[PDB]
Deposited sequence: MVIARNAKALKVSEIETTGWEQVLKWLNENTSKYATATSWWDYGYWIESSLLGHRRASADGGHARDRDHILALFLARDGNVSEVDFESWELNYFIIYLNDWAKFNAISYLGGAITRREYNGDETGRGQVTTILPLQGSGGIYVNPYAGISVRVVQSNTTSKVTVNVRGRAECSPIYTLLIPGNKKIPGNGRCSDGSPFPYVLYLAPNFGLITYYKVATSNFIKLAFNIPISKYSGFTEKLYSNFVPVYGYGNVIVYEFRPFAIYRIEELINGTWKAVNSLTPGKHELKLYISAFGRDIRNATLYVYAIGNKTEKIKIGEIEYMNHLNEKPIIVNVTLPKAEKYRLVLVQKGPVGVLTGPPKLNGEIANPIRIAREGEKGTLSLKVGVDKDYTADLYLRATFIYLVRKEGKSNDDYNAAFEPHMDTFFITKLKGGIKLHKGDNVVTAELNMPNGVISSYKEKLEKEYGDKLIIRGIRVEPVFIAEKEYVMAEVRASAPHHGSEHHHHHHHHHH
């Protein structure tokens, strides 16, 4: 399976207060040895592609994203929750009517493939003069995919999208040398496909290169892969050599003029400071530059000149304010920590917080709205809006481990009510609120890791 072995890792390898998430699974039986609203957002990440899928995971203070290949079996549920497909395509109405299989793995050495359970067979003639892909159903009858992508050859083979009986066959095929994959056209380039089966295809330009930099694999045992989440990361480094930008593989010591291709996943960059760690005989950190602001939906390359000391490795990091610390307590007020105080409620708020470094942080009360809007046979787009209600204390010195501060300031009455009706005036009817969260969070100058580059010459 892989869950127990992966959880053996992440216990000695990762930090004490390192948060992690995955899609809900029964593997939780060792994970204990979730939230129905954040499900829509997780599914929004897994089932979708490009800008739309760019979920603010840093708001959750996420450190690791664990993907699980077998979750293909649940992808119908994920797609529908992610806004990719309609109700009918998930289950349909009563006996009959089109239900869709969003993902269907194929076993086979190139180039025959087969799924023993559904009866599907796949022949790839790959010949001259006839390059074609044919999908036997073991039924009625012969189908032709929209197109078939070849991995790693990246050759795309066009098809009808039709069936032998003229019926529609809206599936994109993905053929690797050892395995195949039949995926519905609405999820053909989902992030899950990218991260689980390492199929680097996106509908949007340069997006996969970015994603793979924001989600770095640091472990992976069975059908389970552990990804280190990096909201801000460098996905390409180029150096100006002879008046020509040439892509860097390794950074030699000395003077360099680097073009840094930066990917900001889920959230923008606000007043940042760029650093480089020279990891050799000692950790000397040289500040390379700064970033005033970079929109995370339309990122752009950053040119920086830099002298590099002799070291075994280089760690480019970025520093800016962000959510630090976890709730190591329950937390007078007690009450649910994902909704600690309904509008217009006073008292105290005794909470304890676990941290891994020393932060001079401030304390806000954050509002998180997770909702749905009907865009269609019904299909719902998940939204997650985030905004600081009020500030509590600052600046408090949190040192490694647990910390306790009093914390007490009132929740205004009108805020989340007015916003809950600021959405309702905007949408229908179309609106479906799935989660209302009010939480205490600590914001401090946090060190985000962008990339690690080896040295040479």
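- Note: segments 1-17, 51-62, 361-363, 409-415, 497-512 of the deposited sequence have no C-alpha coordinates in the structure.
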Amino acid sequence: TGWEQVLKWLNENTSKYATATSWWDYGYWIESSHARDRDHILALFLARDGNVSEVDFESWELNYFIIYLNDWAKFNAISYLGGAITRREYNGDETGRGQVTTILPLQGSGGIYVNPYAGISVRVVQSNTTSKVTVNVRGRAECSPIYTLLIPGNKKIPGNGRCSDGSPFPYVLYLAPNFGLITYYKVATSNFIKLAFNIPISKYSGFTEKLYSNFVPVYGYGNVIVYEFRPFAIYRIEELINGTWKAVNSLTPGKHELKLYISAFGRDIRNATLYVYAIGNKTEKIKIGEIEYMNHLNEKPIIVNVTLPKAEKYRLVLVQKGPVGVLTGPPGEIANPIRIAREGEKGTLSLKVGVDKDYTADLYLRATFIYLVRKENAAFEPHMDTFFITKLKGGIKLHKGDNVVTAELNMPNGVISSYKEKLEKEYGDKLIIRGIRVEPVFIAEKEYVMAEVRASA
From here on, numbers count along this sequence of modelled residues.
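- Of the two segments, 107-115 and 179-187, the one listed with the higher mean B-factor is 107-115 (C-alpha atoms only).
- Annotation for 305-313 versus 169-177: the higher mean temperature factor (C-alpha) is found in 305-313.
- As recorded in the PDB entry, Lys282 shows the highest C-alpha B-factor of the residues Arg230, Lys282, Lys156, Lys74.
- The residue among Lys194, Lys246, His296, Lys352 whose C-alpha carries the highest B-factor in the deposited model is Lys352.
- Split the chain's modelled residues into thirds by C-alpha temperature factor. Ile396 is in the highest one.
- The deposited CA B-factor of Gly206 belongs to the lowest third of values across its chain.
- Looking at the C-alpha B-factors along this chain, the one for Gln99 belongs to the highest third.
- Ranked by C-alpha B-factor against the other modelled residues of its chain, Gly266 falls in the lowest third.
- In this PDB entry, the Cα temperature factor of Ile30 sits in the top third of its chain's modelled residues, the highest group.
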